[PDB]
Each structure stands twice: as structure tokens, then as C-alpha cells.
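S.K.: Submitted below is the structure of interest, expressed as C-alpha cells.
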Amino acid sequence: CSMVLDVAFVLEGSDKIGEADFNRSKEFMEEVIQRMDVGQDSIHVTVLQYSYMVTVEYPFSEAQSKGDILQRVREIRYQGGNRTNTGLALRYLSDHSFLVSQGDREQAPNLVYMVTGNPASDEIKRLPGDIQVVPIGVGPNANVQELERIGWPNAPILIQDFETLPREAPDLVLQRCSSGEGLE
Ligand SMILES: [Ca+2]
């Protein structure tokens, strides 16, 4: 995927995810960022981790070089929160992450890859259409219909488990990134 795109990665870092699976989410995300043409004139990356609260791990406003992002990604500490505050994470995207004041490029399309393995603990609202969310529902505990609603028009990328996530999802994520749509 090589394009002007403001990509958000939203990783659930809840206790229900656990550090191991979150590290797999990180590794998936790293792989995606690695595959993506991340650069100042191309793909911009914001990284959010959420559980109880949302951490902007990397805002769009910070240096948009693959190296800087990937290194901050490696530095992302699993928060292990007791909630899956997906709605809050989504609100961060709409009301923070994708604000021009936070480094969002107004003319760049907005794409969110939200890795979640659990139902939202909180109220979820489908984001304004200008923020495209591709929910990555990982594991059997993903609330798929919730993800479908959050995701619309994007079909959730359903991954059987977090072990498979870094293996299978990057391809799907980058396909989605490049084409603007999910497969079939
Ligand atoms: Ca944008």
C-alpha cells in the first residue's frame, strides 16, 4: 500500500487480550507498518492502544517515518486494562487522532485498523464516514456484529486468534489499504 493515507492502528490492550496476544497485535501492526509505504508524503500512521483508557501511542503529528513509528510501536507497553473501551478508542479517532491539530491531513483519507478481541465495554458509535474503520476482530470473543456496525462499509477482518493475526491480517490490511475495500 502506497498512497496518501492517514492510517490509525487501534490495538486493544486489555487484560482480556493479555500481553502475549497484545504483543502479537503489535507485531501484526509492525508488519503492516513495515509493508505500508509509511512516509511524510505517503502513509501516515497513528497508533492507539486502548482498554480501560486510550493511549495515543503515536500521533500523526509525530515524525511520520517508518523507523520512528516502528520504534515507538516496539516501545508500546501493554496497558492490560480491565475494559475494552472501543467506543472511547473510536471517539479518540474521530475527536482527536484524526484532527488536523493532531497531525491529520485533511485531504488524506482516514483508515483505521482496529484490532479487538472482545466486545466493547462501552457505547460504540460508527464513526463519521470520513474515518474508515476496518475492525480486526481477533479470536472467538470479538463481537462481530458490533464490529460490522463500527466497520461499515468495511467488513471486519475476522482473525481466528492472535497467533494468526500477524501471519494473516497484514496481507488483508494492506489489500484493504491499497484498494480501499475488503476482499470479495
Ligand atoms: Ca486525513
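Identifiers in the C-alpha cells: chain A, B, ... in order shown; residue index from 1 per chain; ligand index from 1 in order shown.
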Check chain A with DSSP on the backbone and list each residue it calls strand (DSSP E or B), as a ChimeraX atom specification.

M.R.: /A:5-12,14,38,43-50,54-58,81,110-116,131-138,157-159

S.K.: May I ask you to write as an NGL selection string all residues lying at most 12 Å from ligand 1, with only C-alpha atoms and all ligand atoms counted?

M.R.: :A and (3-8 or 42-46 or 60-61 or 93-94 or 96-112 or 129-132)

S.K.: Just the selected residues (N, CA, C and O atoms), exported as a compact mmCIF listing (two decimals), in the first residue's frame, please.

M.R.:
```
# COMPACT_ATOMS: atom_id res chain seq x y z
N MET A 3 0.19 5.25 -0.80
CA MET A 3 -0.81 6.28 -1.04
C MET A 3 -0.79 7.31 0.07
O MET A 3 -0.23 7.07 1.14
N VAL A 4 -1.40 8.46 -0.20
CA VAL A 4 -1.62 9.46 0.83
C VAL A 4 -2.78 8.94 1.68
O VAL A 4 -3.93 8.93 1.25
N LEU A 5 -2.46 8.48 2.89
CA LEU A 5 -3.44 7.85 3.75
C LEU A 5 -3.06 8.09 5.20
O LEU A 5 -1.91 7.87 5.59
N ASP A 6 -4.02 8.54 5.98
CA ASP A 6 -3.84 8.65 7.41
C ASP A 6 -4.37 7.38 8.04
O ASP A 6 -5.59 7.19 8.16
N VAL A 7 -3.45 6.49 8.40
CA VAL A 7 -3.81 5.20 8.96
C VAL A 7 -3.69 5.23 10.47
O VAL A 7 -2.65 5.62 11.02
N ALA A 8 -4.76 4.83 11.14
CA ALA A 8 -4.75 4.61 12.57
C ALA A 8 -4.71 3.12 12.83
O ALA A 8 -5.44 2.35 12.21
N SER A 42 3.39 10.10 2.06
CA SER A 42 2.59 8.91 1.77
C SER A 42 1.73 8.53 2.98
O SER A 42 0.97 9.37 3.48
N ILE A 43 1.82 7.29 3.42
CA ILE A 43 1.02 6.82 4.55
C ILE A 43 1.51 7.40 5.87
O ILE A 43 2.69 7.28 6.22
N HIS A 44 0.60 8.06 6.58
CA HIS A 44 0.84 8.50 7.93
C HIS A 44 0.20 7.52 8.89
O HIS A 44 -0.86 6.95 8.61
N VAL A 45 0.86 7.30 10.02
CA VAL A 45 0.40 6.33 10.99
C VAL A 45 0.20 6.98 12.35
O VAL A 45 1.07 7.68 12.86
N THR A 46 -0.98 6.76 12.91
CA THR A 46 -1.19 6.98 14.32
C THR A 46 -1.46 5.63 14.96
O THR A 46 -2.06 4.74 14.35
N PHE A 60 -0.37 11.31 14.67
CA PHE A 60 0.01 11.67 13.30
C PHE A 60 1.01 12.81 13.29
O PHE A 60 1.85 12.90 12.39
N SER A 61 0.92 13.68 14.30
CA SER A 61 1.75 14.87 14.43
C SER A 61 3.23 14.57 14.64
O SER A 61 4.09 15.36 14.26
N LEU A 93 -10.33 8.52 17.85
CA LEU A 93 -10.08 8.61 16.42
C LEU A 93 -10.78 9.82 15.82
O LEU A 93 -10.14 10.66 15.18
N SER A 94 -12.08 9.92 16.06
CA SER A 94 -12.90 10.99 15.49
C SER A 94 -12.60 12.36 16.10
O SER A 94 -12.55 13.36 15.39
N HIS A 96 -9.90 13.23 18.13
CA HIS A 96 -8.50 13.51 18.46
C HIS A 96 -7.56 13.06 17.35
O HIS A 96 -7.00 13.89 16.65
N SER A 97 -7.41 11.75 17.20
CA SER A 97 -6.43 11.16 16.28
C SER A 97 -6.48 11.77 14.89
O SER A 97 -5.44 12.09 14.32
N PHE A 98 -7.69 11.93 14.36
CA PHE A 98 -7.87 12.43 13.01
C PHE A 98 -8.20 13.91 12.92
O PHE A 98 -8.75 14.38 11.93
N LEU A 99 -7.83 14.65 13.96
CA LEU A 99 -7.90 16.10 13.91
C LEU A 99 -6.63 16.61 13.25
O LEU A 99 -5.55 16.05 13.47
N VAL A 100 -6.76 17.66 12.44
CA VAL A 100 -5.62 18.30 11.81
C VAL A 100 -4.63 18.80 12.87
O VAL A 100 -3.41 18.73 12.68
N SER A 101 -5.17 19.26 14.00
CA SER A 101 -4.37 19.71 15.14
C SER A 101 -3.54 18.58 15.74
O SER A 101 -2.58 18.84 16.48
N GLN A 102 -3.90 17.34 15.44
CA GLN A 102 -3.15 16.18 15.91
C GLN A 102 -2.34 15.52 14.79
O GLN A 102 -1.84 14.40 14.95
N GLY A 103 -2.20 16.23 13.67
CA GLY A 103 -1.32 15.79 12.59
C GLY A 103 -2.04 15.15 11.42
O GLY A 103 -1.40 14.74 10.44
N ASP A 104 -3.36 15.04 11.52
CA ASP A 104 -4.17 14.53 10.42
C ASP A 104 -4.07 15.45 9.21
O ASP A 104 -4.06 16.68 9.35
N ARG A 105 -3.97 14.85 8.04
CA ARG A 105 -4.01 15.60 6.79
C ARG A 105 -5.44 15.59 6.29
O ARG A 105 -5.99 14.53 5.99
N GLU A 106 -6.04 16.77 6.22
CA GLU A 106 -7.45 16.91 5.87
C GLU A 106 -7.81 16.21 4.56
O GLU A 106 -8.86 15.57 4.46
N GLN A 107 -6.92 16.31 3.57
CA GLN A 107 -7.16 15.74 2.25
C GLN A 107 -6.83 14.25 2.16
O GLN A 107 -7.29 13.56 1.24
N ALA A 108 -6.04 13.76 3.10
CA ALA A 108 -5.71 12.34 3.17
C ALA A 108 -6.90 11.55 3.71
O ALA A 108 -7.44 11.89 4.76
N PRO A 109 -7.31 10.49 3.00
CA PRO A 109 -8.34 9.59 3.52
C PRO A 109 -7.91 9.00 4.85
O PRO A 109 -6.71 8.86 5.12
N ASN A 110 -8.89 8.67 5.68
CA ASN A 110 -8.64 8.17 7.02
C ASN A 110 -8.99 6.71 7.12
O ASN A 110 -10.12 6.32 6.84
N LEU A 111 -8.01 5.91 7.51
CA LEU A 111 -8.23 4.48 7.64
C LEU A 111 -7.81 4.02 9.01
O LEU A 111 -6.74 4.37 9.50
N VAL A 112 -8.68 3.24 9.64
CA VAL A 112 -8.41 2.72 10.96
C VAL A 112 -8.41 1.21 10.90
O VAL A 112 -9.36 0.60 10.41
N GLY A 129 -18.23 8.96 8.55
CA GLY A 129 -17.75 8.24 7.38
C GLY A 129 -16.34 8.55 6.93
O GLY A 129 -15.67 7.69 6.36
N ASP A 130 -15.88 9.77 7.21
CA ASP A 130 -14.54 10.21 6.80
C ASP A 130 -13.44 9.44 7.53
O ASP A 130 -12.29 9.44 7.11
N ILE A 131 -13.79 8.78 8.63
CA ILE A 131 -12.87 7.87 9.29
C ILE A 131 -13.31 6.44 9.03
O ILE A 131 -14.28 5.94 9.61
N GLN A 132 -12.59 5.79 8.12
CA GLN A 132 -12.89 4.43 7.74
C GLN A 132 -12.26 3.47 8.73
O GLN A 132 -11.05 3.48 8.94
```

S.K.: Taking only C-alpha atoms into account, produce a table as JSON lines in which each residue of segment 6-88 of chain A with an atom at most 12 Å from an atom of segment 137-140 of chain A appears once, together with its shortest atom pair and the distance in Å to one decimal, ordered by chain and rising number.

M.R.:
```
{"residue": "A:10", "atom": "CA", "partner": "A:137", "partner_atom": "CA", "distance": 11.6}
{"residue": "A:11", "atom": "CA", "partner": "A:137", "partner_atom": "CA", "distance": 10.7}
{"residue": "A:12", "atom": "CA", "partner": "A:138", "partner_atom": "CA", "distance": 10.1}
{"residue": "A:16", "atom": "CA", "partner": "A:139", "partner_atom": "CA", "distance": 10.9}
{"residue": "A:17", "atom": "CA", "partner": "A:138", "partner_atom": "CA", "distance": 9.4}
{"residue": "A:21", "atom": "CA", "partner": "A:138", "partner_atom": "CA", "distance": 9.6}
{"residue": "A:22", "atom": "CA", "partner": "A:138", "partner_atom": "CA", "distance": 10.8}
{"residue": "A:24", "atom": "CA", "partner": "A:138", "partner_atom": "CA", "distance": 10.8}
{"residue": "A:25", "atom": "CA", "partner": "A:138", "partner_atom": "CA", "distance": 9.3}
{"residue": "A:28", "atom": "CA", "partner": "A:138", "partner_atom": "CA", "distance": 11.5}
{"residue": "A:86", "atom": "CA", "partner": "A:137", "partner_atom": "CA", "distance": 11.8}
```

S.K.: For residue 154 of chain A, which of A:142, A:169, A:133, A:33 is the closest residue, counting only C-alpha atoms?

M.R.: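 Looking only at the distances to residue 154 of chain A, the closest residue turns out to be A:133.
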
S.K.: Take atom CA of residue 15 of chain A and atom CA of residue 152 of chain A and report the distance between them in Å, one decimal.

M.R.: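 Atom-to-atom, atom CA of residue 15 of chain A and atom CA of residue 152 of chain A are spaced 26.9 Å apart.
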
S.K.: How many Å separate atom CA of residue 151 of chain A from atom CA of residue 177 of chain A?

M.R.: 14.0 Å

S.K.: Taking into account only C-alpha atoms, which residue in the set A:79, A:14, A:2, A:179 is nearest to residue 117 of chain A?

M.R.: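 Nearest candidate to residue 117 of chain A out of A:79, A:14, A:2, A:179: A:14.
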
S.K.: A:88, A:159, A:174, A:63: which is nearest residue 41 of chain A, counting only C-alpha atoms?

M.R.: A:63
